Amino acid sequence: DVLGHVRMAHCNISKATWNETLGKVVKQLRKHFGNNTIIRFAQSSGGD
Amino acid sequence: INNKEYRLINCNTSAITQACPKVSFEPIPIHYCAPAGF
Amino acid sequence: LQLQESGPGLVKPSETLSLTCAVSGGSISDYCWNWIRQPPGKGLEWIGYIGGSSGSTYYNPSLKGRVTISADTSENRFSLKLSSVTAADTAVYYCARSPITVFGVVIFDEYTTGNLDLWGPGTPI
Amino acid sequence: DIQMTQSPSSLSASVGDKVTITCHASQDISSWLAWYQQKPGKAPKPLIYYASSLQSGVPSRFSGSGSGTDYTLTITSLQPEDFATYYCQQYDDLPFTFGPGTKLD
Amino acid sequence: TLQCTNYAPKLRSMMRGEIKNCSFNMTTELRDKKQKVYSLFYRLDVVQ
Ligand SMILES: *[C@@H]1O[C@H](CO)[C@@H](O[C@@H]2O[C@H](CO)[C@@H](O[C@@H]3O[C@H](CO[C@H]4O[C@H](CO)[C@@H](O)[C@H](O)[C@@H]4O)[C@@H](O)[C@H](O[C@H]4O[C@H](CO)[C@@H](O)[C@H](O)[C@@H]4O)[C@@H]3O)[C@H](O)[C@H]2NC(C)=O)[C@H](O)[C@H]1NC(C)=O
Ligand SMILES: *[C@@H]1O[C@H](CO)[C@@H](O)[C@H](O)[C@H]1NC(C)=O
Ligand SMILES: *[C@@H]1O[C@H](CO)[C@@H](O)[C@H](O)[C@H]1NC(C)=O
Ligand SMILES: *[C@@H]1O[C@H](CO)[C@@H](O)[C@H](O)[C@H]1NC(C)=O
Ligand SMILES: *[C@@H]1O[C@H](CO)[C@@H](O)[C@H](O)[C@H]1NC(C)=O
């Protein structure tokens, strides 16, 4: 049984930290593609 | 369990393997020997 | 805190009715918003509601399909659309505010709501 | 679709009388019952939420209680502003429903 | 075969329909008797 309310499992990540980390990743990633490109991130597509 | 109903004691904790009737349980002496260097 | 509705005063058969409600003195994200129908001479019928920060919507099994409820927190407003309006849908429509008692994550609708604390003037249709 | 009824459908009363309005649910609603007062031509206004909790701004003359399937609203002094149609709202489960209403006269 | 209903039919949040209350027989210590077991499963583990 559940000794209380049913709640959704979840996980929190700091928003500013993630945005800064992703910015660092793009800054380093551009070195292999060029400084006049657009780097876009998207979620996964197929599979289970 | 509660001509009365009964069960084997093993069904409380473990399935039993039937010993093979062809294998004797008579004690046979065993000698222990050192490996080389000991 | 005042709620004020608007929209056409009547639509023709098979047209979509679009009603709006403005929130003045408060913020949509902290409350759930309900729409209630009252045909003339009859009691109250719940249409549906939309949450605040979660954006989730729920609809009555009555008025099956047809009903769309939405909100726009950048203008602190929300609206109701009813497609294929017929003669039986003429009624006074109300918007209302409901409180949220939060026990879990608000963005997952982990709260108890349903009480109506504030009613608008009403819009006869 | 939870059903709700009310008793009486129309309650005869004079000014200053003590009155009780009852509501009967088809199933236990765990006290998640709200009471509203509606006047002709106006939107209903809140009275009570969670069966017994009084809404802020509502006179202390209004009270109520109940449990299970049987709930009541008590008005201790029926002043002229209180001759209204009263409704029960059941929010324990969705869709939300309302009773037929009881008229005071 | 499991006979399942929703665990929390009145939930109006996530986890609505995610946890199912499933009835099944299941064996007991003795091979001659079966029991009746009620348990909850997550939606992802159970297919219709
Ligand atoms: C990821 O980030 C989200 C967003 O910040 C977190 O979501 C919060 O989760 C907590 C619980 O985990 C929620 O806490 C609840 O807050 C309610 C309102 O709090 C206000 O009012 C109370 C007075 O009632 C004040 O004391 C309080 O300071 C606030 O002003 C409470 O009513 C809730 O009470 C329930 O739980 C307590 C146990 O602490 C019981 O005693 C109560 O009876 C009742 O059952 C509760 O405290 C919080 O509201 C959530 N915030 C939002 C915005 O949704 C996630 O938790 C976080 N997760 C992780 C893993 O980091
Ligand atoms: C995670 O928890 C720690 C404390 O254990 C807290 O300092 C930190 O801010 C939390 N981060 C997020 C994103 O919730
Ligand atoms: C945060 O994200 C925005 C894009 O949404 C980006 O423009 C900005 O630079 C990011 N901040 C940092 C510190 O990288
Ligand atoms: C069955 O096992 C339990 C411990 O697992 C023991 O306490 C009990 O006595 C056993 N039954 C019988 C009949 O001895
Ligand atoms: C369990 O077995 C009995 C056997 O009579 C059957 O009637 C019952 O439906 C079974 N339970 C489930 C959940 O299938």
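Residues numbered from 1 in each chain as written, not as in the entry; some residues may be left out. Chains lettered and ligands numbered in written order. Part of a larger assembly, values for the part shown. Heavy atoms only, no water.

Remarks on the nonpolar core
Stage number 1. If you look at the biggest cluster of nonpolar residues, it comprises 24 residues, and the most contacted ones within it are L33, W35, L47, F62, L73, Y86 and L104 of chain D.
Stage number 2. Among the secondary structure elements, those contributing two or more residues to this core are β3 (19-25), β4 (33-38), β5 (45-49), β8 (70-75) and β9 (85-90) of chain D.
Stage number 3. The biggest single contributor to this core is β3 of chain D, with four residues.
Stage number 4. What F62 of chain D contacts, discounting residues up to four positions off in sequence, is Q37, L47, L54, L73, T74, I75, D82 and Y86 of chain D.
Stage number 5. With 23 residues, the next largest nonpolar core counts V11, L17, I28 and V67 of chain C among its residues. (Core = buried A, V, L, I, M, F, W, Y, C linked by side-chain atoms within 4.5 Å. Buried < 20%, exposed > 50% of the residue type's maximum accessible area, 1.4 Å probe, protein only. Helix = DSSP H or I, 4+ residues; strand = E, 2+ residues; numbered from the N terminus. Contact = heavy atoms within 4.5 Å.)

Concerning the interface of chain C and chain D
Stage number 1. Taken together, the contacts link 23 residues of chain C with 18 residues of chain D.
Stage number 2. When residues of chain C are sorted by the area they lose upon contact with chain D, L44, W46 and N115 of chain C head the list and together hold 34% of the total.
Stage number 3. Between the two partners, chain C and chain D, sit zero salt bridges.
Stage number 4. Per-class residue counts for the side of chain C that touches chain D are 11 nonpolar, nine polar and three charged. (Buried area = accessible area lost by both parts, 1.4 Å probe. Salt bridge = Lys/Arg side-chain N within 4 Å of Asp/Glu carboxyl O. Nonpolar A, V, L, I, M, F, W, Y, C, P; charged D, E, K, R; others polar.)

Quick notes on the arrangement of the chains
Stage number 1. A comparison of contact numbers over the six pairs of chains in contact places chains C and D at the top.
Stage number 2. Taking C-alpha atoms as the reference, chain B and chain C come no closer than 43 Å and do not contact one another.

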